[PDB]
Amino acid sequence: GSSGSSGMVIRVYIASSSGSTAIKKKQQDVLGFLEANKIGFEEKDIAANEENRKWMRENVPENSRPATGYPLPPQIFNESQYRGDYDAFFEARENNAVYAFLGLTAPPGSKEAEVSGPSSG
């Protein structure tokens, strides 16, 4: 086990074929971000592809699972493991620790690397 190539793929399970604008937005909020941040993520649709949704559902942690009706998108997933939803995404964002919440790396000089200030989760 050893190599020198970029990895850690960020797979997100969205529902392209969704209806609730909020969702669409949220999803687009998680995607747009990874896009604006030029992050190496993957767009996984749950609407069409069931396995993705199902599998994902079987992956999603209970502590993360809602009351009932499977976890709603967006849904961030590290390759296969689960990270969090738009909620966990935003939170990790405000805390400028998204990359960490995605198991990614932060750039040297950014606020993610700087991390210097009082009152911090």
# chains A, B, ... in the order shown; residues from 1 in each chain; ligands from 1

call {"tool": "residues_around", "arguments": {"residues": "residue 82 (chain A)", "least_positions_apart": "2", "cutoff": "10 Å", "atoms": "only C-alpha atoms", "output": "PDB file with N, CA, C and O atoms, in the first residue's frame"}}
result
ATOM      1  N   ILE A  10     -14.855  12.418  -3.705  1.00  0.00           N
ATOM      2  CA  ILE A  10     -16.023  12.879  -2.975  1.00  0.00           C
ATOM      3  C   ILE A  10     -17.280  12.590  -3.798  1.00  0.00           C
ATOM      4  O   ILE A  10     -17.552  13.276  -4.782  1.00  0.00           O
ATOM      5  N   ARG A  11     -18.014  11.575  -3.364  1.00  0.00           N
ATOM      6  CA  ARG A  11     -19.235  11.188  -4.049  1.00  0.00           C
ATOM      7  C   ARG A  11     -20.457  11.714  -3.292  1.00  0.00           C
ATOM      8  O   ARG A  11     -20.578  11.512  -2.085  1.00  0.00           O
ATOM      9  N   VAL A  12     -21.331  12.379  -4.033  1.00  0.00           N
ATOM     10  CA  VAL A  12     -22.539  12.935  -3.448  1.00  0.00           C
ATOM     11  C   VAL A  12     -23.761  12.266  -4.079  1.00  0.00           C
ATOM     12  O   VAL A  12     -23.803  12.058  -5.291  1.00  0.00           O
ATOM     13  N   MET A  56     -26.865   3.721  -0.548  1.00  0.00           N
ATOM     14  CA  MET A  56     -26.601   4.901   0.257  1.00  0.00           C
ATOM     15  C   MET A  56     -27.412   4.874   1.554  1.00  0.00           C
ATOM     16  O   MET A  56     -26.878   5.135   2.631  1.00  0.00           O
ATOM     17  N   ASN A  59     -26.123   2.734   3.881  1.00  0.00           N
ATOM     18  CA  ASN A  59     -24.834   3.229   4.334  1.00  0.00           C
ATOM     19  C   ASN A  59     -25.054   4.319   5.386  1.00  0.00           C
ATOM     20  O   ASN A  59     -24.457   4.278   6.461  1.00  0.00           O
ATOM     21  N   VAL A  60     -25.912   5.268   5.040  1.00  0.00           N
ATOM     22  CA  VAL A  60     -26.217   6.366   5.941  1.00  0.00           C
ATOM     23  C   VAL A  60     -26.348   5.828   7.368  1.00  0.00           C
ATOM     24  O   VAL A  60     -27.014   4.820   7.595  1.00  0.00           O
ATOM     25  N   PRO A  61     -25.685   6.544   8.315  1.00  0.00           N
ATOM     26  CA  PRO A  61     -25.722   6.150   9.712  1.00  0.00           C
ATOM     27  C   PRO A  61     -27.072   6.496  10.345  1.00  0.00           C
ATOM     28  O   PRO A  61     -27.732   7.446   9.927  1.00  0.00           O
ATOM     29  N   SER A  64     -27.528   9.669  11.763  1.00  0.00           N
ATOM     30  CA  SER A  64     -27.674  10.654  10.704  1.00  0.00           C
ATOM     31  C   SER A  64     -29.039  10.498  10.029  1.00  0.00           C
ATOM     32  O   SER A  64     -29.565  11.451   9.459  1.00  0.00           O
ATOM     33  N   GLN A  75     -26.557  14.443  -0.113  1.00  0.00           N
ATOM     34  CA  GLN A  75     -25.875  13.479   0.735  1.00  0.00           C
ATOM     35  C   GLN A  75     -24.420  13.318   0.291  1.00  0.00           C
ATOM     36  O   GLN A  75     -24.150  12.783  -0.783  1.00  0.00           O
ATOM     37  N   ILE A  76     -23.520  13.790   1.140  1.00  0.00           N
ATOM     38  CA  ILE A  76     -22.099  13.706   0.851  1.00  0.00           C
ATOM     39  C   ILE A  76     -21.570  12.344   1.305  1.00  0.00           C
ATOM     40  O   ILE A  76     -21.931  11.861   2.378  1.00  0.00           O
ATOM     41  N   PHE A  77     -20.724  11.763   0.468  1.00  0.00           N
ATOM     42  CA  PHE A  77     -20.142  10.467   0.771  1.00  0.00           C
ATOM     43  C   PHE A  77     -18.704  10.377   0.254  1.00  0.00           C
ATOM     44  O   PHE A  77     -18.442  10.664  -0.913  1.00  0.00           O
ATOM     45  N   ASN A  78     -17.812   9.976   1.147  1.00  0.00           N
ATOM     46  CA  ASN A  78     -16.409   9.844   0.796  1.00  0.00           C
ATOM     47  C   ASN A  78     -16.178   8.479   0.143  1.00  0.00           C
ATOM     48  O   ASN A  78     -16.001   7.478   0.836  1.00  0.00           O
ATOM     49  N   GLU A  79     -16.185   8.484  -1.182  1.00  0.00           N
ATOM     50  CA  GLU A  79     -15.978   7.259  -1.936  1.00  0.00           C
ATOM     51  C   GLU A  79     -17.137   6.289  -1.700  1.00  0.00           C
ATOM     52  O   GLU A  79     -17.828   5.902  -2.642  1.00  0.00           O
ATOM     53  N   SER A  80     -17.315   5.924  -0.440  1.00  0.00           N
ATOM     54  CA  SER A  80     -18.379   5.005  -0.069  1.00  0.00           C
ATOM     55  C   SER A  80     -18.925   5.368   1.313  1.00  0.00           C
ATOM     56  O   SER A  80     -20.132   5.311   1.542  1.00  0.00           O
ATOM     57  N   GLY A  84     -21.744  13.536   5.750  1.00  0.00           N
ATOM     58  CA  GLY A  84     -22.828  14.346   6.276  1.00  0.00           C
ATOM     59  C   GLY A  84     -23.701  14.896   5.146  1.00  0.00           C
ATOM     60  O   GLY A  84     -23.433  14.647   3.972  1.00  0.00           O
ATOM     61  N   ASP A  85     -24.730  15.632   5.540  1.00  0.00           N
ATOM     62  CA  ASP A  85     -25.644  16.219   4.575  1.00  0.00           C
ATOM     63  C   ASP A  85     -25.425  17.733   4.525  1.00  0.00           C
ATOM     64  O   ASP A  85     -24.615  18.270   5.278  1.00  0.00           O
ATOM     65  N   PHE A 101     -14.256  17.784   6.684  1.00  0.00           N
ATOM     66  CA  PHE A 101     -15.518  17.064   6.714  1.00  0.00           C
ATOM     67  C   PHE A 101     -15.684  16.198   5.463  1.00  0.00           C
ATOM     68  O   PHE A 101     -16.598  15.377   5.389  1.00  0.00           O
ATOM     69  N   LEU A 102     -14.788  16.411   4.511  1.00  0.00           N
ATOM     70  CA  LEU A 102     -14.823  15.661   3.267  1.00  0.00           C
ATOM     71  C   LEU A 102     -13.597  14.749   3.191  1.00  0.00           C
ATOM     72  O   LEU A 102     -13.400  14.050   2.198  1.00  0.00           O
TER      73      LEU A 102
END

call {"tool": "residues_around", "arguments": {"residues": "residue 113 (chain A)", "least_positions_apart": "6", "cutoff": "10 Å", "atoms": "only C-alpha atoms", "output": "VMD selection string"}}
result
chain A and resid 96 to 97 105 to 107

call {"tool": "closest_residue", "arguments": {"among": "A:58, A:121, A:33, A:2", "to": "residue 71 (chain A)", "atoms": "only C-alpha atoms"}}
result
A:58

call {"tool": "select_by_dssp", "arguments": {"residues": "region 5-48 of chain A", "states": "alpha helix (DSSP H)", "output": "PyMOL selection string"}}
result
chain A and resi 21-36

call {"tool": "residues_around", "arguments": {"residues": "residue 18 (chain A)", "least_positions_apart": "5", "cutoff": "8 Å", "atoms": "only C-alpha atoms", "output": "number ranges by chain"}}
result
A: 23-24, 47
